[PDB]
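Starting from 1, each residue takes its place in the sequence as its number. Note that ligands are numbered from 1 as they come in the structure, with each ligand's atoms numbered from 1 the same way. Computation of the quantities below employed the complete heavy-atom set of this structure, encompassing side-chain atoms and omitting hydrogens, waters and symmetry-equivalent molecules.
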Amino acid sequence: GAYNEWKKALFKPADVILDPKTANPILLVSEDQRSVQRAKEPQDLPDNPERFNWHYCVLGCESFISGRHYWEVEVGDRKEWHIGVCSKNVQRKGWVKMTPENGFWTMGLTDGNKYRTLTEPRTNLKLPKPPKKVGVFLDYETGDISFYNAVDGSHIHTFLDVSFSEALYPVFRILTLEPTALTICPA
Ligand SMILES: C/C(=C\COP(=O)(O)C(Cl)(Cl)P(=O)(O)O)CO
């Protein structure tokens, strides 16, 4: 609605491209670095320090330490996906639960129709329609991370008044083998 339109006018549109050096080896990062898909088997890649070696995650190339930013992600009909932001210093080696206290502010979909916010404990979301494009608002100084349906502007979830102390990266996670990719909408 009009509030979402006000916010998109205030917040700076971010041009997010995926960083292949961060992507778990089971992930396929597209050549234009806008899309991510899951491979049948892990790729033969180094275990460089930037790479998630357990979680099926990939980061954007640029992080945020200030300001108001937003980007939109086409999830389409994909039956499983989680997106949001995470701190630069999240645990990338070995499993960690993706939670705000561990530096992840994310939400998404499992099993086709189970929407969750990845809070601790996880919160189930009641969405009136399944989103096909999802917008992410980041307001660094106030500490707000918000998710919205990018087509009709309706609300999905707000993380409210977080105290950020690190740079923040867009983060993307996909677990399933299925033909629909995740694609970032360009700024
Ligand atoms: C197997 C993987 C994620 C499953 O995540 P996970 O076991 O941490 C969970 Cl089931 Cl706790 P989540 O979906 O609630 O985060 C690889 O990224």
Donor-acceptor pairs are to be reported for all side-chain atoms of residues 9-18 against protein atoms at under 3.5 Å, with residues two or more places apart or in another chain.
{"from": "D15", "atom 1": "OD1", "to": "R34", "atom 2": "NH1", "distance (Å)": "3.0"}
{"from": "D15", "atom 1": "OD1", "to": "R34", "atom 2": "NH2", "distance (Å)": "2.9"}
{"from": "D15", "atom 1": "OD1", "to": "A187", "atom 2": "N", "distance (Å)": "3.0"}
{"from": "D15", "atom 1": "OD2", "to": "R34", "atom 2": "NH2", "distance (Å)": "3.0"}

**OP:** Report yes or no: does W54 have a heavy atom closer than 4.0 Å to ligand 1?
**Re:** yes
**OP:** Have a look at ligand 1 and work out which part of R122, if any, has a heavy atom under 4.0 Å from it: side chain, backbone, both or neither.
**Re:** side chain
Original post:
In the protein, what heavy atom is nearest to atom 11 (Cl) of ligand 1, and what distance, to one decimal place, separates them?
Top reply: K97 CE, 4.1 Å
Original post:
So which bit of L175 gets within less than 4.0 Å of ligand 1, heavy atoms only: side chain, backbone, both or neither?
Top reply: side chain
**OP:** Kindly indicate whether atom 9 (C) of ligand 1 is approached by any protein heavy atom to under 4.0 angstrom.
**Re:** no
Original post:
So among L160, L138, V162, which one has a side chain to side chain contact (heavy atoms under 4.5 Å, CB included) with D144?
Top reply: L160
Original post:
Would you call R78 and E178 a salt bridge, taking side-chain N to carboxylate O under 4.0 Å as the test?
Top reply: yes
Original post:
Identify the closest protein heavy atom to atom 6 (P) of ligand 1: which residue and atom is it, and at what distance?
Top reply: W95 NE1, 3.9 Å
**OP:** Just need the protein heavy atom nearest to atom 5 (O) of ligand 1, so name the residue and atom and give the distance.
**Re:** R173 NH1, 3.5 Å
Subject >> ligand 1 contacted by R116 (non-hydrogen, < 4.0 Å) >> reply: yes
Original post:
With a 4.0 Å cut-off, would you call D111 and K79 a salt bridge?
Top reply: no
Original post:
So which of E80, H82, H55 actually passes side chain to side chain contact (heavy atoms under 4.5 Å, CB included) with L175?
Top reply: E80
Subject >> Short N-O contact, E74 and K133, less than 4.0 angstrom >> reply: yes
**OP:** State yes or no: are the ring centers of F64 and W71 separated by less than 6.0 Å?
**Re:** yes
Subject >> Contact partition for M98 relative to ligand 1, non-hydrogen atoms under 4.0 Å >> reply: neither
**OP:** Provide the number and element of each atom of ligand 1 under 4.0 Å from a heavy atom of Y56.
**Re:** 16 (C), 17 (O)
